[PDB]
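>
4 protein chains.
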Amino acid sequence: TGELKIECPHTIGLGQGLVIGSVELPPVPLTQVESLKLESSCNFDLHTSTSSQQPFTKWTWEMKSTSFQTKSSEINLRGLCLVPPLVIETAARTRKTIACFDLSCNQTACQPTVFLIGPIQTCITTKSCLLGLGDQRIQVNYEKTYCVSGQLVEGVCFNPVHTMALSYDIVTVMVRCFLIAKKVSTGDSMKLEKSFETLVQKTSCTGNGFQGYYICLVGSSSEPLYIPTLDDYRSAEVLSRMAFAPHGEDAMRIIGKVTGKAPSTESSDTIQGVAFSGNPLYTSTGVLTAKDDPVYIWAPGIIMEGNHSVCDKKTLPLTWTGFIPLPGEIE
Amino acid sequence: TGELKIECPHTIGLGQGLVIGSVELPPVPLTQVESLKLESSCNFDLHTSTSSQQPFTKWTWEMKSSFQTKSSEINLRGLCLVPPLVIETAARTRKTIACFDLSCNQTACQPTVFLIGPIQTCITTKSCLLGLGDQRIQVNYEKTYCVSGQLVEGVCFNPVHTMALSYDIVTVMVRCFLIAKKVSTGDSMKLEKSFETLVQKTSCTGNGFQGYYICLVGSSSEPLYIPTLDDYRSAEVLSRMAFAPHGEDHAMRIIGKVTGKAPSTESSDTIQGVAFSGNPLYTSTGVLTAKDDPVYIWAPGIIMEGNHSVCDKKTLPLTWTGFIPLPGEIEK
Amino acid sequence: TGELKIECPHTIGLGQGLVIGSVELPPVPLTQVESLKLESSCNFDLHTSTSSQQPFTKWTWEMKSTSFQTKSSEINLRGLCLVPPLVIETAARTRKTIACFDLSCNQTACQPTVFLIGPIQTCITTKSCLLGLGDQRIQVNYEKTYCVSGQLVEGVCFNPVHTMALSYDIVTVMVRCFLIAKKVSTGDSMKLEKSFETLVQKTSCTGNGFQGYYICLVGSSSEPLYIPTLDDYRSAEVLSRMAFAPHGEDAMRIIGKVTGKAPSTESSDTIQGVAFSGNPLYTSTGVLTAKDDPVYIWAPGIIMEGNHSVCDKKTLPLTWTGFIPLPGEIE
Amino acid sequence: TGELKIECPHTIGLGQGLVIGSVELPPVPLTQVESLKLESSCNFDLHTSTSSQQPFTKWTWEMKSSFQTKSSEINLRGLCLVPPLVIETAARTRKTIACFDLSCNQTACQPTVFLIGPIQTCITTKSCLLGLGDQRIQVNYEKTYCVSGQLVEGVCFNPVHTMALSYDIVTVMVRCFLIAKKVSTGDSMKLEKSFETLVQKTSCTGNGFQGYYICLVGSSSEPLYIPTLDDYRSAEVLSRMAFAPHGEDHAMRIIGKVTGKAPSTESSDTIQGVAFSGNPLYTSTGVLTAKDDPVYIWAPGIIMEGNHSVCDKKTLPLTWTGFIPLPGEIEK
Ligand SMILES: *[C@@H]1O[C@H](CO)[C@@H](O[C@@H]2O[C@H](CO)[C@@H](O[C@@H]3O[C@H](CO)[C@@H](O)[C@H](O[C@H]4O[C@H](CO)[C@@H](O)[C@H](O)[C@@H]4O)[C@@H]3O)[C@H](O)[C@H]2NC(C)=O)[C@H](O)[C@H]1NC(C)=O
Ligand SMILES: *[C@@H]1O[C@H](CO)[C@@H](O[C@@H]2O[C@H](CO)[C@@H](O[C@@H]3O[C@H](CO)[C@@H](O)[C@H](O[C@H]4O[C@H](CO)[C@@H](O)[C@H](O)[C@@H]4O)[C@@H]3O)[C@H](O)[C@H]2NC(C)=O)[C@H](O)[C@H]1NC(C)=O
Ligand SMILES: *[C@@H]1O[C@H](CO)[C@@H](O[C@@H]2O[C@H](CO)[C@@H](O[C@@H]3O[C@H](CO)[C@@H](O)[C@H](O)[C@@H]3O)[C@H](O)[C@H]2NC(C)=O)[C@H](O)[C@H]1NC(C)=O
Ligand SMILES: *[C@@H]1O[C@H](CO)[C@@H](O[C@@H]2O[C@H](CO)[C@@H](O[C@@H]3O[C@H](CO)[C@@H](O)[C@H](O)[C@@H]3O)[C@H](O)[C@H]2NC(C)=O)[C@H](O)[C@H]1NC(C)=O
Ligand SMILES: *[C@@H]1O[C@H](CO)[C@@H](O[C@@H]2O[C@H](CO)[C@@H](O)[C@H](O)[C@H]2NC(C)=O)[C@H](O)[C@H]1NC(C)=O
Ligand SMILES: *[C@@H]1O[C@H](CO)[C@@H](O[C@@H]2O[C@H](CO)[C@@H](O)[C@H](O)[C@H]2NC(C)=O)[C@H](O)[C@H]1NC(C)=O
Ligand SMILES: *[C@@H]1O[C@H](CO)[C@@H](O[C@@H]2O[C@H](CO)[C@@H](O)[C@H](O)[C@H]2NC(C)=O)[C@H](O)[C@H]1NC(C)=O
Ligand SMILES: *[C@@H]1O[C@H](CO)[C@@H](O[C@@H]2O[C@H](CO)[C@@H](O)[C@H](O)[C@H]2NC(C)=O)[C@H](O)[C@H]1NC(C)=O
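Residue numbers (PDB author numbering), protein chains in the order written: chain A, 27 to 91, 102 to 203, 209 to 291, 301 to 381; chain B, 27 to 91, 103 to 203, 209 to 292, 301 to 382; chain A', 27 to 91, 102 to 203, 209 to 291, 301 to 381; chain B', 27 to 91, 103 to 203, 209 to 292, 301 to 382. A prime marks a further copy of an entry chain.
Shown next, in the form of structure tokens:
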């Protein structure tokens, strides 16, 4: 039994906050990954979006005798954290709970990371409940916070700044973000990879057309944070940490550079990365930055290219976990 | 001097809540019971209903050589016979209900005094005095030890806001008063039929009583109407009533089965019960379930039949005190 | 040097309060009493009313061989506590200070009691200052209170009830009252002795026509309290304590009953009392209750009749000091 | 890093008050003084007046064999030459004044930085940085230790509300700035005449300077105009100025009497003073009292003549820091 801890605040407050928790489970063989279904015994209202079938290009490597053979094909996965637009943003109002997983994989095995997001009211209704994923049971524990006004962060009770203007103590908090595909008809407002390129590039990249955004939750509970929100200091912070740690923040053995075709029907290579063996470390899921219409990739045993300074064959991860410093008061 | 504690909340809140408290006094001889009058020195607006004259059949037993029972019609005053709507609208009318029930053996009665009223009394009043016969009762209004809930067996507990459909479980006190209320057609007020259905008993016909219970939960709440089908608490109270028909706020020595005529003018027996001696334990007041028009009974030294599985000669108690489990949150 | 202590509150508050203090001085011979003038070096605005000439009937006794010879005459005194209507009541607004004395006398000597009443602002302007009376110097000391919300009473900090409605701790406080002559054209609203008679009499007195009232200060500082104010619990309390202790509340040797003519031009006796010797105990000043127009009396060596149960030949004292219980909070 | 403390009151109150603080920095060489610029990283609205170019006569002395003095006209920036109305209306305009005065010997100057501004700065700002040449200044806004007054030599003191006509006495700091202000006819602005009358000196004619002092009392106050006849504090400040014309915020070795030409184009001497060496003690800036149009002087290593009993060749200082006794109430 794994443990997914939810830190519950003393009050609901302004209505629009969500709780979030997550746990990384033990390794399962690859052949079992396509069968994985999240089950819930919990007394909450599961959003059905994530358990539908979702098309991915599977990209894999084998030793050959540069010394690699890669290949790819299109398959359907279910239960992954591909959250539709507005679902997280309006979950406090709809009273919907999002439960989904990401995959961190080597060639032969995957560690699912289960994410649970939902309304703060769940803390009134629920002390503990169970999720299942394949053969693993997950104990969700809702636990009331030691603090009076904030959250337990690095063993310290902390409340961040709230005002919209400019004016403190500084505490480093966890941020968890989910990639959302969202197109507009006209212009470049949703061209997410262009935002990264302005932050970390010298010269002009021609074709990074992916349209979407990240939706993030800060700490154990917060209102959703949209990335990018141009004049928000927290958005700026998350983007900068993403730009320097594109596979998130926290033995794996690097073998070499690999390329491949995504989707597999492409005549030439559209993706690159670094093949590895040993313990999976980063998530193995992302989207090509080059296509407006998302091309989703699952690349077990390969760290797909996420360096924003590169122009071609790069990706954005489906989920991203890191840390940002927040100004506020320790109490 | 007895002590009647009122637990006062920090705020009035949504306006319709009432405070309630109650105390059981020492035994008084039976001959003094017909003279008992509640006096008040308190700065609140007493509802006058309960101090009017109210006709009861008095049913008593004597050893013979075996039992001899007898009955007669008398008038009592001050008992908890609350008219319809009085408790339900007390928060709006600003009326205070003060009345007693009687728990009696053959020779003595312990009055239980009940005080119910608007939460505003907590602003106007720290302490005041009630008198009953020769006993003085100190009413003490005290702010609650809890932040938001109520002190329940030494624990601060806040119950869920009551929802129809959909953390901690605490057993809380419920106090209920029987209200006689007729409607012109149908069975919506046939309270004893509700009990019969629950105890799986469909053959009865002495179940024409029309009325309901009005209850307060803990030390303060809004009134709870029994039965209300879509309130989970109503279902709980009815079960608890069905299992403990004489309440559970509680040596008493059982002697045997007795019957009698209520009212005394009946040609055959209309009531049964169990004669006892020793310490009065349960209340000695109720109504026959068989008559649409209430026949009120005072039966000192007899536990009147309240088992809902029986069809004939049974009764409903005038007041009922018991306990139900509530879901909620225990403070800190 | 005598000491007149003023207890100063922390704030002025609602504007209309006055401070009061008083001290009883040592005995002076009678011949010196007619010369007594209050002098002040204090930085406050003295009301001039009390230092004007004021006609009194002097009533005195001598042993003779019932065994007494009494006599009387009309004389002018100055500086006594004969305060005009409205002066105390509006002193907080006018910023006037009242300084005057009453006399407590035996046949040969008088102890003046000096009263000082004035605006609470004096506590900002003044730490100490000097009054003189004949050959005595009086040190007025303004001292800031130990308490946060109330006054030091019996070594305890106390704040009385403030609301106009009915609802506590109970503390006994000093009350000091001054008799004010005030006539109306029509009716019995100002017939002060009639109020006493209703409280303490069996049958009907014919002729107690004095018109006036008492103005009182409670503790070391308060707003003026008018006696009688019919629906005020404090007025009721003061009147009852007056009725049971008509010469005030706190060795003197009683000799016998005496009568006399007030004013001295009366053909028959209009006043009675009890002759004494030894240490003066009560004040020796009052007014006849019988006359609408005040007949002021100074009766050294005689306790003038103040028993309200009597109908004829009785008086009201010019000043009155006693104690009443107040409901409130000790803190 | 130097420290400029601002004592912040609990409330803003009647709207027209300003906070003031000041700090004297370490010595800097003379050659660097003409390059000194105040920089600010603070979140307040700096008034631009004081950072403009301002013409001064520089008057200096050298040993000879006896003294050789000389003078020339130069432009300084950043000095406390505040225009009329700027301090007086700063609470309404929300402008902050930051400037320095100079206290100099022949070879080095200690700048004294003054910061004056609206009390609202206390809401917006806990700390910020000023720079002057190579020195950093930490401005620290700190809530007052007192309930209502100000910390004066380790004692909490609240002065009387100032009344014209009519408890404790505390000596408080006053800081004043000289303001040049002409009027078209009469002697209402002839500041040096006011001083002359007070020191009993009616024969003088080099007293045509027109202007006044604007002062702040303690760590915060409303501006005080000197002279204001019906303000008791004005009378006190003028006396204190007359007795200590170079202030009293304060080894210095006196060498002798010197004279010079201000401006340098004058054919005869128009200024005198006392040459010194060692630690600069007083400020080295002022204006000639003789000219209606201000002639500003910077005299490093010379205490310019400020004795009001003298008629000719005298000056008024640009800033003045001293102490006056105020009536009020010491807290607890
Ligand atoms: C992808 O990652 C997975 C998980 O990180 C990884 O598979 C695992 O590898 C470890 C070690 O290589 C396996 O560990 C074994 O566990 C059994 C359980 O009883 C042990 O008995 C074994 O012990 C023997 O082997 C050791 C060899 O050094 C000895 O030290 C020891 O004394 C014993 O002789 C053994 O350690 C584990 O079972 C798998 N896990 C899974 C889920 O299959 C995998 O290697 C990674 N893939 C690649 C291609 O890198
Ligand atoms: C009216 O009241 C006044 C004041 O209360 C009163 O006059 C005072 O009387 C006392 C005692 O009768 C006088 O006391 C005297 O004081 C001098 C001062 O030095 C003493 O030396 C005297 O001492 C001798 O007398 C005593 C007699 O018993 C002895 O015990 C003693 O050892 C000495 O021999 C003496 O006590 C006081 O001076 C006057 N005060 C004034 C102000 O005149 C007066 O008696 C009262 N009048 C009436 C008519 O009752
Ligand atoms: C009806 O109930 C009442 C009250 O419970 C009973 O009266 C009580 O009876 C008990 C037991 O007989 C008496 O006990 C005695 O107490 C005295 C104290 O004065 C003691 O000295 C004796 O040794 C004895 O234990 C008690 O006095 C009495 N109490 C009162 C308040 O009257 C009564 O017995 C019951 N009646 C029946 C018919 O069972
Ligand atoms: C003008 O004032 C400045 C500053 O007060 C004077 O400069 C200082 O002069 C003193 C005394 O001559 C110097 O003292 C020396 O300090 C050093 C420390 O490095 C010490 O090692 C020596 O033994 C000695 O005591 C000091 O350095 C110097 N300070 C600065 C900040 O420059 C200057 O003398 C004055 N000029 C005139 C003409 O009086
Ligand atoms: C991210 O991508 C850029 C571009 O490929 C890499 O930048 C080059 O790095 C090498 C060695 O650090 C330098 O010698 C080159 O001059 C860099 N080129 C440019 C255009 O910047 C960068 O190192 C990559 N970051 C990684 C792999 O972490
Ligand atoms: C309530 O009344 C019913 C009906 O009279 C009682 O049921 C009887 O119980 C005994 C013991 O279990 C059985 O031997 C009888 O056969 C039952 N009779 C019927 C008709 O059901 C029941 O005991 C009563 N409950 C009490 C006294 O608590
Ligand atoms: C106040 O005056 C009344 C009336 O003169 C006194 O009352 C009389 O007192 C005596 C003895 O106490 C009784 O025997 C009389 O019956 C009373 N008469 C009346 C009419 O009440 C009273 O004692 C006086 N109070 C004093 C001197 O303190
Ligand atoms: C201020 O200037 C006056 C006027 O020059 C000085 O007064 C002289 O003081 C000395 C010593 O007391 C006397 O011997 C002179 O006769 C005074 N002259 C005049 C004209 O009054 C005074 O000393 C100066 N004050 C200072 C330097 O503090």
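Yeah, the Cβ is synthetic: ideal placement off N, Cα and C, and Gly gets one too.
#1: Could you tell me which chain B residues have their CB closer than 8 angstroms to the CB of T161 of chain A, listed as they occur along the chain?
#2: Taking the CB atoms as reference points, tell me whether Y254 of chain A' and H288 of chain A' lie closer together than 7 angstroms.
#3: Whole angstroms is fine: what's the gap from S203 of chain A's alpha carbon to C159 of chain B''s?
#4: Per the DSSP calculation, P350 of chain A is bridged to which residue(s)?
#5: Excluding the five sequence neighbours on either side, which residues of its own chain have a C-beta within less than 6 angstroms of the C-beta of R114 of chain B', listed in chain order?
#6: Is it buried or exposed for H73 of chain A', if we count other Cβ within 10 angstroms and need 16 for buried?
#7: State the Cα-Cα distance for the pair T247 of chain A' and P148 of chain B, rounded to the nearest angstrom.
#8: Taking C-beta to C-beta, are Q252 of chain A and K235 of chain A nearer than 7 angstroms?
#9: How about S334 of chain A' and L139 of chain A': do their beta carbons lie closer than 7 angstroms?
#10: Answer yes or no: the CB of residue 295 of chain B versus the heavy atoms of ligand 3, is any distance below 6 angstroms?
#11: Label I380 of chain A' either buried or exposed according to how many other C-beta atoms from any shown protein chain fall within 10 Å of its C-beta, with 16 as the threshold for buried.
#12: Give me, in chain order, the residues of the same chain whose beta-carbon lies closer than 6 angstroms to that of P344 of chain A'; leave out the 5 immediate sequence neighbours on both sides.
#13: Quick check: what's the CA-CA separation for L258 of chain A' versus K341 of chain A'?
#14: I want to check one thing, is the minimum distance from the CB of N142 of chain A' to the heavy atoms of ligand 7 below 6 angstroms?
#15: Who's in the neighbourhood of ligand 8, going by beta-carbon under 7 angstroms from any heavy atom, listed in chain order?
#16: Just checking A286 of chain B' against ligand 2 - is the residue's beta carbon closer than 6 angstroms to any of the ligand's heavy atoms?
#17: Say the cut is 6 angstroms; is the CB of residue 208 of chain B nearer than that to a heavy atom of ligand 3?
#18: If you count every other CB in all the chains shown that lies within 10 Å of the CB of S263 of chain A, and 16 or more means buried, which is it?
#19: State yes or no: is the C-beta of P330 of chain A' within less than 7 angstroms of the C-beta of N177 of chain A'?
#20: Could you pull the DSSP bridge partners for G372 of chain A' from this structure?
#21: By DSSP's criteria, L166 of chain B' is part of a beta bridge. Which residues make up the other side?
#22: Using a threshold of 6 angstroms, is the CB atom of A301 of chain A' nearer than that to any non-hydrogen atom of ligand 3?
#23: Nearest-angstrom Cα distance between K364 of chain A and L56 of chain A?
#24: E50 of chain B' to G372 of chain B', Cα distance in whole Å?
#25: Buried or exposed for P350 of chain A, going by 16 or more other Cβ atoms inside 10 Å?
#26: So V259 of chain A' is in the beta strand (DSSP E); what residue range does that whole segment cover?
#27: Is it true that the segment 350-362 of chain A meets the segment 228-242 of chain B, where meeting means three or more beta-carbon pairs spaced less than 8 angstroms apart?
#28: Under 7 angstroms between the Cβ atoms of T86 of chain A and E110 of chain A?
#29: Assuming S261 of chain A' contacts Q157 of chain A' under a Cβ cut-off of 8 angstroms, what Cβ separation, rounded to an integer in Å, is found between them?
#30: Where does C193 of chain A' fall in DSSP's three states?
#31: Just how far apart, CA to CA, sit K180 of chain B and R275 of chain A?
The short version:
#1: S203 and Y209, listed in chain order.
#2: No, they are not a contact pair.
#3: Going from the Cα of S203 of chain A to the Cα of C159 of chain B' covers about 11 angstroms.
#4: For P350 of chain A, which the question treats as bridged, DSSP gives no partner whatsoever.
#5: Hits under 6 angstroms: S77 and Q79.
#6: Buried: at least 16 other Cβ atoms inside 10 Å.
#7: Between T247 of chain A' and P148 of chain B, the C-alpha separation is close to 57 angstroms.
#8: No.
#9: Using a Cβ distance threshold of 7 angstroms, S334 of chain A' and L139 of chain A' count as a contacting pair.
#10: Within chain B, the sequence of modelled residues goes 292 then 301, so residue 295 of chain B has no position in this structure.
#11: Residue environment analysis places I380 of chain A' among the exposed positions, since fewer than 16 neighbouring C-beta atoms fall within 10 angstroms of its C-beta.
#12: If we look at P344 of chain A' and ignore the five residues flanking it on each side, its Cβ neighbours are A222 and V337.
#13: For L258 of chain A' and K341 of chain A', the distance between alpha carbons rounds to 27 angstroms.
#14: Incorrect: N142 of chain A' has no Cβ contact closer than 6 angstroms to ligand 7.
#15: Chain-ordered list of matching residues: B':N357, B':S359 and B':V360.
#16: Using a cutoff of 6 angstroms, the CB of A286 of chain B' does not count as near ligand 2, since none of the ligand's heavy atoms is closer than that.
#17: Within the gap of chain B, which runs from 203 to 209, lies residue 208 of chain B, and it has no coordinates in the structure.
#18: In the assembly as shown, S263 of chain A is a buried residue. Its beta-carbon has 16 or more other beta-carbons within 10 Å.
#19: Cβ atoms of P330 of chain A' and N177 of chain A': not closer than 7 angstroms.
#20: Residue pairing for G372 of chain A': DSSP places it in a beta bridge opposite A':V216.
#21: Note: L166 of chain B' sits in a beta bridge opposite B':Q175.
#22: Remark: the shortest separation between the CB of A301 of chain A' and any heavy atom of ligand 3 does not fall under 6 angstroms.
#23: When only Cα atoms are considered, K364 of chain A and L56 of chain A end up about 24 angstroms apart.
#24: A direct Cα-Cα distance of roughly 15 angstroms separates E50 of chain B' from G372 of chain B'.
#25: Burial call: buried.
#26: Element bounds for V259 of chain A': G253 to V259.
#27: The count of Cβ pairs closer than 8 angstroms, one atom from the segment 350-362 of chain A and one from the segment 228-242 of chain B, stays below three, leaving the stretches out of contact.
#28: Not in contact: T86 of chain A and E110 of chain A (Cβ atoms no closer than 7 angstroms).
#29: Not a contact, Cβ separation roughly 15 angstroms.
#30: Three-state result, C193 of chain A': strand.
#31: C-alpha separation (whole angstroms): 45 angstroms.
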